[PDB]
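Working notes for the structure below.
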Amino acid sequence: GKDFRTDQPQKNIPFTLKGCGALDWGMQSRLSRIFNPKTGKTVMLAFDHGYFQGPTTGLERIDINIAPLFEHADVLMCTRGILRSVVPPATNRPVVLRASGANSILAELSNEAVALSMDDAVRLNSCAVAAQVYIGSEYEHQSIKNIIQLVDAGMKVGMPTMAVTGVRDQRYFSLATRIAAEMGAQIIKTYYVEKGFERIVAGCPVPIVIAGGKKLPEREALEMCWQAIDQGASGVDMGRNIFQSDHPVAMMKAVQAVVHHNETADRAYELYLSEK
Amino acid sequence: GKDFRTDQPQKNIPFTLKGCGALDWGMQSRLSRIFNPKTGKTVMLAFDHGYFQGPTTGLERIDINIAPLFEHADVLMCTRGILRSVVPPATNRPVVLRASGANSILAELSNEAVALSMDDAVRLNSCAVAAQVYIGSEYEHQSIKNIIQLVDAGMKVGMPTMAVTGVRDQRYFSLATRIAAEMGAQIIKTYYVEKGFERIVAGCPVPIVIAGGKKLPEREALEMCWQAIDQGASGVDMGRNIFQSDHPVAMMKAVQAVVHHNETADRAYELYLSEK
Amino acid sequence: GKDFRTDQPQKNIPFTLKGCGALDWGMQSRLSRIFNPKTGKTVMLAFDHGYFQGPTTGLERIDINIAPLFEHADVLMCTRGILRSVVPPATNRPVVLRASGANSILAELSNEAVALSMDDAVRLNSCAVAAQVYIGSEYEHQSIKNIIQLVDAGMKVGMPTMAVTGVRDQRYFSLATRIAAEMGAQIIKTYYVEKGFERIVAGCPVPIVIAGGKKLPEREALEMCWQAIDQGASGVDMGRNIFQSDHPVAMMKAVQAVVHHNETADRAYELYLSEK
Amino acid sequence: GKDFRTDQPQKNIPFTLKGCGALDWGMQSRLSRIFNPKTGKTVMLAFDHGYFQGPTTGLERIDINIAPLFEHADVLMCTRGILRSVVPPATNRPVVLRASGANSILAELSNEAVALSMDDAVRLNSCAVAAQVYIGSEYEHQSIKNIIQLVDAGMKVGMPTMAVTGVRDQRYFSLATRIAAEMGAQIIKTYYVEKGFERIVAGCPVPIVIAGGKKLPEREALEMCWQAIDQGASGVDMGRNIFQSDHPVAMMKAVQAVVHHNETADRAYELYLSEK
Amino acid sequence: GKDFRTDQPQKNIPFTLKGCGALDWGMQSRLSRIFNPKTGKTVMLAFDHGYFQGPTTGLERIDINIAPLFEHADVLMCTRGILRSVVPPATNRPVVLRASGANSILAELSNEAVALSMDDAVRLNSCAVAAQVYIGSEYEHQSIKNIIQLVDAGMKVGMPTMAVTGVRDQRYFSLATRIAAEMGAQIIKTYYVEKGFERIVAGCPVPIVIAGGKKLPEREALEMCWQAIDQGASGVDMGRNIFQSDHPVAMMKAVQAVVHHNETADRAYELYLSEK
Amino acid sequence: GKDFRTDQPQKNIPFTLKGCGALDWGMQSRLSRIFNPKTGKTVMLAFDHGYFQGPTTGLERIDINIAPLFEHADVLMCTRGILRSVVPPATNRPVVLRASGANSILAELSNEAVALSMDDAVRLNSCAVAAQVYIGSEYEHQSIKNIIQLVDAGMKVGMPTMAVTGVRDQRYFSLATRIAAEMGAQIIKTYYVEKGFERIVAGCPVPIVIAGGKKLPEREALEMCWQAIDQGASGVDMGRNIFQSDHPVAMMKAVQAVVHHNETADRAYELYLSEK
Amino acid sequence: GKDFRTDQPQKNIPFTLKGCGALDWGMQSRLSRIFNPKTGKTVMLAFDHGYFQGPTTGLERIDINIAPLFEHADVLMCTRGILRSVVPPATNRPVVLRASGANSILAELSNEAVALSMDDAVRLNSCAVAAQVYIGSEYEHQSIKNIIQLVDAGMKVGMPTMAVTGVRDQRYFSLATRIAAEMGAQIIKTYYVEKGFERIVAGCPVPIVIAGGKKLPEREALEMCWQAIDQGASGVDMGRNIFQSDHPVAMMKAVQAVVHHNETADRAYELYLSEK
């Protein structure tokens, strides 16, 4: 009375996430937490700037200002320090730990070191670890070494590594993104570019996520989102453009719309206003 | 132009999951994946029986039969072998890896050993590892040693351990659950008991999940669920009672209702029929 | 304008705790948490019996029954499982982790293995780790090996080891306590003996703590306490005799008095009744 | 005849210490040794200055001058060298080991390295390890790296890390404290600021303890204490302001009062005089 | 009824690959994948330039441009990043992983560090790992240290190391190739030289492979190939000269012919045109 | 004005201790602590019997009975437990730690395991570690494995191993001593034999020390000592025959005389009486 | 003025030793010490029997009896105990360390365990390590495991492993030798067989050395040697047949002759008598 369904042969489900087709199950799993499998994209709420900047504006009180924001994000990005202290475990959202540091705004910006062991990143159940790479800066060599070291460790343990390009035109980000990706980073985070972003994406063999940069009027930020996605980015991280907006949650739903659901910039903006 | 909100002092968000208030962030995180923070409960779809049983009925083809079932479960439980081969990473559901094995239905049932390294469990992004404890059986000592070893390893790494009690009355399950919990297991999985289940829960300091046992008519299984939850269980795993039902998905929604939403057995059953 | 007080030469303060004069600072420190430096004694509240016994009477609900008891104890003794789940860290009392297990009341009692890694004992900030030795029982060899192994590990890390003698006359406890001590245990926990206890203490080169055994009427337990201390024991652990008493806290103050303050059994009992 | 109290369901005791709600039992335990659970605060007697300063005034003879002081402190802070040699283990007080060093007052102050292994810290039963971070100084990068490394090690083992900010206004200590905390330090030690201290506390997600700085007249030091506490500090360390006072013990009870008991500066001072 | 063929004595098959006669079986095996045992030569398709160059011309899209090229190569050479993301495992071709990096075209070229652990190289089933040595450049010391370290690791594990000489006459390449070989590299990759290439090969005790350098008209590249082989090279890597040619596949068959089959430059070229 | 004394060539001082001529400096040093370089012999005061025997007669109180005895011994032999608790470090005598145990007089005698890690032996500054071998007993295999393991460890670290033969004629001790020595033990401890002791010594390639065995009248013990030495033993250990004598110190001087100074039994005995 | 001899191409010298053509340089080097490269054979003087036998006849005093014998042997075989104590390092002969033991002639012969770490073998500069395999005996499983373990370790380090077959006809030694070889042993040592030895050799893919067995009259031992060599053995070990002969040295020259130089048995014997 057992059925092996011999007439129907087992078939492998493809993993479509860009450039992550050859990864072990655990690694693909972590990535799948970050990038929605249906849409292949992610909305990331990153608040890690304290790491070299101290209490930046809008990050003065993560526990109050940002805590309400978590639910509307696909993935969180912060330091391990902040995570343990003021991010509730029950927040139940995937995190990308920031794992570079040891610079200040008072000194050379590119002077970064690995800021936590994979050991602890694994201890914290991270979906990925992130570090900054600084092509063209004084400590560009150490920066890449940082990525390298994170990838060596991540590979033993199934932890993806995200390389963030710290700094301004396409040719440049192409170099920076590509080198990072090539070194082994599974996720690249970078900036949007008004001319030639497509080349950047096309040249990168792994998913790209874009950082928001300085605060803009929402309408403009959304347009940037819309453009980035339209041009093949896999996620957007609006930092300042979110936690700094007077209507954060509204903004996020805007961003969710552009990213996952395809809304056009205008509609997006409108529900932006809708949700105030 | 910065606001530290000095008038409002940072306050710690309590972690209410039973007996899990003193765990590092990562461990609390993994547990939060398993047990819903809002309701403090879980619906678990366990298909690990192949481990000593081979192609048991209804588990003949996980890839076909059970694959459709994943989305309606809070947490999956299977072997690492099965997980890699036929569970799609994109399934994006938390897994509890079954980590004991080396027994057959052809020999002594309690003769189990640890069946994978924490190393690999971590590599596979598990939310927990599970092993069987066999109080009263011939290899009861090894079984506990197994739990012990998994907890020693999990604590290095933030991985919770689930001890499952393999075997029939309350006093008995009390002993078995309690010893396991006392050894260190963060989650206990065990069987429902018509008389005295409350004592079992009350005496266990950590979350309890119940296994379904042999297939029953749905109405009866739901009643069992309803009872277990009403009596303080933190989740239910209906194995056979689900994958074997002619209308699996419908059953799961039934179970979701009882567990998370509080529906009474009858209503539950009714949407059971509703969903066919 | 600096004073080195050359006329007054630095002198070493002796460490008087019995048999612990040649230990490193950290180990001496942990022992000092357990045994009061002024009186050289400890009142221990041990509730670890669940470890092979399940929900023994009075330990049904540690979180409710025993939780109120902590403050009146010098040192707590429990399993790591119970400690993490239901002992509040803020309890701020030194713990001795029970580190043997894998036996049941359903099987041979002496069949114990080491139940946690020093690694985790250290992670849990223990003052000491404890295991049972079973001279004359079937698994007496393993039991000693367990002590040995715990001492090998504790020495790397500054962790004292407590050997408990599980089982009935003096000559016997002498053999057992002495072997344990000799193997390397810093603390011996054992049973009181109506004839010859003095020889037991005298023959042990390290501190002895006595377990209470089965519940007695308080008057009788106190007398036993009084006798044990009078005869050179360094501490008492009244398990059942405390958590099972109808007036626990009162009992503890009774015990405190006998142990630290020297009250005679009768006075002790009287404030026993006083404190109800 | 057993009572599981089923009518009464086990509930988790919150851990209220600021930013320490997501830590494993052991680490929470160590912290609870330092910061009183009832008041959430600590009085710290730090005499570690020898580390780069040699026999500073008042620290000429720890063994004579400071030894009497121990009992009136919540936590001690010294080097491992001093601890072993002249702090009696029986002192029975929690210690925070100073773990940075390799600088002299004869050379660049910020040139510090890690000055002991976590291995030894654990061997010494520390409640935490401390190192200095030097934002703005020449070796600011190494200083952070030192914190990072101590956190990486401490997390393996349950050991909290204290970052002390070495150097003068709020905006500055905000940057320094926040980066350290963000890197992962569980305790921040810093200086009081007459304007804007609240922002410093508000911006730090973990407990802050303030250093006394140069000796002041007691009345003034108390006011500083009072102000620090009133403004949200979790502890105070009056170094010079204590061991250098002509009436040390009296001062401490003054500080105890302000810190734990809430006395107003004036009353505090008065029992200061009272206790001479 | 068994035949041991005693009349015929077992004889050892020689391993003829240059300078690889004293290697363990596994190492010999990996080399045998790379260099054809019959002809003792290899045709290598290297696309690792992204590593310090970003999306160089013709490497813009490995996945599209180069993917078709794989089947006609003996061995592939790329970074671990590119390999995982866009090289299909089923490509079933031996790879030599590029294992140096951390330089940019924006900074000193010779500033390279080891860019992956042997650990991961082994995890990726590599046939060899490669790094650049830079005699005469600013970071020539680190470069050799790099080779050293890879050989140290590769020897533990059976992994050959390729040293590539980055930079122009014979005497020079002799120095560079020889030092690398001498340090321990099993494969040397270097440039062709119009005068004195013979001395270069003759002085190297291990196989040499030549890099193509800047794109040339095919006829000329083939002549270079032909010459290199004729003068004792063991393989050629035409990078640009292949992926940049308008007729890549045709080129490779050209190169295959010269290398393995001995065709003269002219015939080679002709089938070059033939295969368009 | 420097003199290299070229006319006088550096010459190597031989190391004459039997069978120890090919040992590294550290190991030769430790052995030199035990066996006097001038006479090549040792007087050993062993009190380790508590290890399986409990408080044997005369070892009831090491701290009182045996403490006076240390100064008159070349080397001490006890457990690590006893050593830490009641042997003063300032005793300044070399120790041979007893490193086997886990047996009781209540069970099979030969059932021993390694009783402490070389790690701790080294931590205790031992001159050697000792374990028992039991040829012909039930656990003879494990006993030899014990010796093997200690040697494996000791060789990493410069620690000599002493194998004691536990049990009755020459042919027998020859087998036992020789196997142990052959396995790798640097020192053999064994019993004296009235016929054929010479063959035992002659067949052992490394130093032999003899155990006293049951208490005898001093005159007879001395004669045994005298005979053992006369027949080539390298040391004697009179356990019972010393600590049990009514005039211990006198006895030791007797033994010193026979062993190091060559006194004849009678003279020896006489100063025995002399020294009462 | 440099000559690279381009006209003459580097060629690989074959390594002809049987079944050792695919080993790393170091391993081939150690084997080359044992087996003469010219003749591909070895004369081994083995005196390791003390290991389970005690002072066997003729091994009573290695230092005297056997010491003279070393120079006339190609390779020595003894225990590590004996080697350190009584084999002079200056003996300058290759040794094969006996690495199994823990049996006695008083108990089951096949009960052997690994008797030293590869770590020490390497420390002693061994050419190989040897252990016994016991097909058909009670502990045959452990015996093979022993070989396995040694090979695992030896391969890390370049150390060949010799398996000796302990026990009587061809079919039998075929099984035994072949299994050992197959497991991974590089050298097999076994007994000569009057019928079918050829099959044994032919069936073994690696060098075979024969043990002499019980003492025979020289003429007969020589004939055995001659026959073994004639039938394809790669070396002989005459233990007893040498150290027990009245004219040892003469015997060895006899054996040398048969083995390396091809002398016929008779001539061999004659120079046997010649050399007395």
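The chains carry the letters A, B, C, D, E, F and G, assigned in the order they are written, with residues numbered from 1 in each.
Quick note on the criterion: a residue touches a chain if its C-beta (ideal position, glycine included) is under 8 Å from a C-beta of that chain, and two chains touch if they have at least 3 such contacts.
For the pair subunit C and subunit F, there is no chain touching both partners. Against reference pair C-F, the listed pairs B-D, A-E or A-B yield one interface repeat, A-E (criterion: more than half of contact pairs the same by residue number). Put simply, the C-alpha centre of subunit F and that of subunit G have 36 angstrom between them.
Our note on geometry: subunit B versus subunit E, Cα centroid distance of 52 Å, whole angstroms.
Separating the CA-averaged centres of subunit E and subunit F is a span of 64 Å. Looking at subunit D, one finds that residues 2, 4-5, 10-11, 13, 15, 17-25, 27-28, 156, 199, 202-203, 205 touch two or more other chains.
Within the complex, the subunit B residues that touch subunit A are 1-5, 8, 10-11, 13, 15, 17, 24-33, 37, 55, 57, 60-61, 63-64, 83-84, 86-92, 122-125, 157-158. The residues of subunit B lying in touch with subunit C in their complex are 18-20, 22-23, 135-136, 140-141, 144-145, 148, 151-152, 155-156, 174-179, 181-185, 199, 202-203, 205-206.
Within the complex formed with subunit G, the subunit E residues making contact are 2, 4-6, 9-10, 12-25, 27-28, 156, 198-199, 201-203, 205, 232. Of all the residues in subunit C, the ones that touch subunit B in their complex are 48, 50-55, 60-63, 79-82, 84-89, 101-107, 111, 113-117, 119-120, 123.
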